[PDB]
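This report concerns only the one structure given below.
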Amino acid sequence: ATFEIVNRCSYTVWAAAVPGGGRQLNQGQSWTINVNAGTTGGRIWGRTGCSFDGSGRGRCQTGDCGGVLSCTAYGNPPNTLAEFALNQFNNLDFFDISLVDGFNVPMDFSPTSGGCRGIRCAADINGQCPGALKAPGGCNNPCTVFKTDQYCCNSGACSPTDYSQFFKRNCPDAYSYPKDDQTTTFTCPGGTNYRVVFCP
């Protein structure tokens, strides 16, 4: 499956992908990767406020993945997430934008190959972020900030909260909390190709 990642932000975004690694994308730059059929736990995101040395090690203000440029793991919140599991069930892709690990950059996550609709979360979440949730370069989900089960849901019991609803009101088609089931999961034919755009 083809995933094209495009930075339209004026600021640099260090794209990250599991699988795929990572790449600096200055404004206008793109990165195209081929993700294997059947991939689960797929995640693409942007990192901001990064500095890296010549050996690909350093740190990002948002979305940092263990201090490396070429990510081999998920990143530090806050980070807007494109999530996907390919060729599941009867050969169907499942994908979403998630704000469960916060927001940093506005995002469009859409199929390019036809057969289904896409997803966008491009409200100014950072600007409107509640004070309790604000982080450098982003807006954390209440799970990250408060570290309680009503938000984090490891018990398996959770429902919408006031703080999850801040995210949901502004991005209705994104996951706002771990068990969000309102217009949060999207499907496409198995083997669909996708594009993730930062600052769409």
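Residue numbers (the authors' numbering): 1 to 200. Just so it is clear, CB atoms sit at the ideal spot from N, CA and C, and this is done for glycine as well.
Candidates the options: closest to residue i by CA position
i	options	result
residue 103	92, 56 and 124	124
residue 110	141, 22 and 187	187
residue 33	5, 83 and 132	5
Where the alpha helix (DSSP H) containing residue i begins and where it ends
i	result
residue 87	From DSSP, residue 87 is part of no alpha helix (DSSP H) but of the beta strand (DSSP E) over 81-88.
residue 71	From DSSP, residue 71 is part of no alpha helix (DSSP H); its letter is neither H nor E.
residue 126	125-128
residue 144	142-146
CB contact flag (residue i, residue j, <7 Å)
i	j	result
residue 29	residue 14	no
residue 93	residue 190	yes
residue 2	residue 77	no
Strand pairing of residue i, partner residues [DSSP]
i	result
residue 24	14
residue 121	107
residue 113	DSSP lists no partner for residue 113.
residue 139	103 and 134
Enclosing beta strand (DSSP E) for residue i [first to last residue]
i	result
residue 102	Here residue 102 belongs to no beta strand (DSSP E), and DSSP marks it neither H nor E.
residue 152	Looking at the DSSP string, residue 152 is not in any beta strand (DSSP E); the run it does join, the alpha helix (DSSP H), is 149-152.
residue 50	42-52
residue 203	Because the chain spans 1 through 200 in this model, residue 203 falls outside it and cannot be assessed.
residue 6	2-7
residue 34	30-34
- Message: Going residue by residue through the region 154-199, where are the continuous alpha helix (DSSP H) segments of at least 4 residues, counting only ones entirely within it?
- Response: 162-170
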